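Just the one chain here, laid out as C-alpha cells, in the form deposited in one PDB entry.
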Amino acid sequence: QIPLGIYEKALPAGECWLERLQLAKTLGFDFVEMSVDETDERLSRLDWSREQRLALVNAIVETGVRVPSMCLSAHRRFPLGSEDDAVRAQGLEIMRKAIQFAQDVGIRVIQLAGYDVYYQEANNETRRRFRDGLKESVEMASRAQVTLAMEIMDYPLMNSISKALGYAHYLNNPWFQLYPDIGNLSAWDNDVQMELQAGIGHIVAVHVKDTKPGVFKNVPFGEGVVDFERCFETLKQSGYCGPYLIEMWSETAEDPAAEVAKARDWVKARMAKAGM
C-alpha cells in the first residue's frame, strides 16, 4: 500500500513532536516530513541535545508515524555555491549536522535544495563551488550511509529530472538520488511524463503540490497546471513504490487540520483514479 505523508509546515507550529505526530495519524498520514529551513528556530534543531533527539525517536516509535525525510532548505540562506567563503563553510557545516541528525533520529532521506546561490546572482564560480560542495556532501553521506536526494526545484539550475540526473551521473554514488517535486517539474518547459519515466531507478520520494509558471508556492490544488492523475499514472506504470508527500503551508490557516483533510482527500481521489 502507498505511503502518504504531510509536510511539517502544513500543521500547527509547535515544537512538541508527539502532538504533531498524533495529529498526522489522526489525519490519516503514515509520515511527516521535517523542515530544516532558513529560520533559526528550525535551524536550532541541528544543535539539539541527545535527550531532544531521543525524545523525537520516542514519539515516532510510540505513535507509529515516521519522520523518514528532512527538507534541507536552509541552503537557500547558506548555499554551497556561495563565493563568500564564510557562508559556504556555514552551508557545509549545516550539511554535516543534518547528516549526524539523520543518523541520530533515523531519518531515511535528506532532500537537498539545488541552489548554487539564491539571494545572490549565479555565475560560473557559484556553479563550480556548488558542484564541489555537492561532492563533499555526498562523501559525508557515503560515510554515514545516509541518502541525499536532490529536489527538482523552483530554480533553473535544477528545474528538471534531466538536470538532477546530470549531477547523479557525475557523482556516481549510490547515496545521491532524486526527489522530484511534480509541481516544480510542471512549471517550466519540461516533458513531465518523459522526465518521470526517465528518473525511475533514481526516484526515492515524490513531492505533491500544484503550481503555475513562475508560481511555486501556495497555489491551491486544482488551480494550477499540474496533471496529477497523469503523473501518478506514469509513476505507477513505470514501477514506482515509494512515498508521496503532500506539500502545503497551512500552518498559517485558521484551521490547518481542516485544510490538510481537504487537500488529502483531493490528492487521494486522483491517486485512486490513476489506479492507486
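Heads up: residue numbers just count along the shown sequence, starting at 1. Shifts are known only where both forms have a C-alpha. C-alpha atoms forming the largest set that superposes within 1.5 Å between two forms make up the rigid core.
As for the form deposited in another entry, it is not shown, yet the points below apply to it.
Just one of the listed positions, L134, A205, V117, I182, moves its Cα by at least 2 Å between this form and the one not shown when the rigid core is held fixed, and it is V117.
With a change of no less than 3 Å, the CA-CA distance between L43 and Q120 is larger in that other deposited form than in the form shown. Pairwise change in that other deposited form: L43 and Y119 C-alpha atoms lie farther apart than in the shown form, at least 3 Å.
When the two forms are overlaid on the core, a lone consecutive residue run of 3+ whose CA positions all differ by 2 Å or more between this form and the one not shown maps to 113-122.
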